[PDB]
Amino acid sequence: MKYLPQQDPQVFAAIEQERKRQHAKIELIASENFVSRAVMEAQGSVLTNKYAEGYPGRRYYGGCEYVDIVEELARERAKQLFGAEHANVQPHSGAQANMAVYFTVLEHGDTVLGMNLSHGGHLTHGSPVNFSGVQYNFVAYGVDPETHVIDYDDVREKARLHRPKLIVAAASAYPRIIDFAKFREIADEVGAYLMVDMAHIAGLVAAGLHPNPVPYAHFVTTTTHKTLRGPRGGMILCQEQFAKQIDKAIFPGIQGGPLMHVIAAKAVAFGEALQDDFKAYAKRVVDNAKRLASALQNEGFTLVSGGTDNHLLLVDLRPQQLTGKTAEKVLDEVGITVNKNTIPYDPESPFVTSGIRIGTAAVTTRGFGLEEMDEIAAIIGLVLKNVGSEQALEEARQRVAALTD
């Protein structure tokens, strides 16, 4: 940085603290990642100065010839990555991508069926303090109490009983592959649209390591910043038949001018995801998650669903008599970042919880491999089994520093 240090010492000092923090900690928050320098440069460009309401070649302002090229690169690369017939790369976030699909096919008060929030569903999938839950009537399907795998008979029974206009599949904390074919089969049975929110697994889908929802869902939403390793923002994928309606939902529907500099960064990230090394990266994410899962089981931890098929895992801390809040707090003391997270049928509230959610996308981006996963599990075992020992916590801090350098 050159101009920021001189113009704003306070903002620069804080950014520099954050940059060093990102290097020093072991980041296991499942929705995080580290973007490339090229992606950051695209978002730090002069494209923030351009008003470009509308779409490429159909803008409401002149002079959009070059931001049109950028937006089409993003759309075409997204289409090649996921094999979608249409893409909308304007959503400002995952929340706005979801909001626009809901705005497209639902009327106020319509019934929507989504994953139980305490079993893995997202806030925008029906929380009563979110617009989804306030605007529409959400009903939920759950996972089996023992396997923790989505109960497809429960999805079907709820759909047939409540007759939702839309069914939402996917999650913020589900460690197994989701069967989109079954979701579409149930949606067809009850005449509902199917929306798949693939935010967490988008990079895995792009690398062929998770079944692609595109062929089964009417609408596919996602964030560009989780396993896809792009800038923070959203995207909607859909068949040509809903293209005009989805585009109108985003604009003039729910947003105004798009963030053209962030769209440039989305294009860059999509170009990175089309390369062979991104596929190797994604495989290492899943391999590392499996290894981490196995190593944690070796320390004596119980994992929701017994392991993982993707980038994330959930530890059920009940056997250790710990809440997720306690575990999150003590891991923060040693330099390991996780989130408390409810587990299916959790006896505790969502503010306390009985679990922690962990993902490997970020540590894989920084170059960690199987040996590092074994050590991370060993450190978490040392800390969580010895929460009252300051000597064990200091040892963990030294082991974390050895991993991050």
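Residue positions are given as counts along the sequence shown, with the first one as 1.
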{"property": "Stretch with the higher entry mean CA B-factor, where the candidates are 153-161 and 91-99", "result": "153-161"}
{"property": "281-289 versus 237-245 - greater average Cα B-factor per the deposited record", "result": "237-245"}
{"property": "Options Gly54, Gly355, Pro347, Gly369 - largest CA temperature factor per the record", "result": "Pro347"}
{"property": "Among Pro213, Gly324, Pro145, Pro175 - the residue whose C-alpha B-factor is largest in the record", "result": "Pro145"}
{"property": "Chain third (lowest, middle, highest) by recorded CA B-factor, residue given as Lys20", "result": "middle"}
{"property": "Third of the chain, ranked by Cα B-factor, where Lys50 sits", "result": "lowest"}
{"property": "Within-chain third of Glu185 by Cα B-factor, per the entry", "result": "highest"}
{"property": "Third of the chain's Cα B-factor distribution that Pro128 belongs to, per the entry", "result": "highest"}
{"property": "Ranked C-alpha temperature factor of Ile343 among modelled chain residues, by third", "result": "highest"}
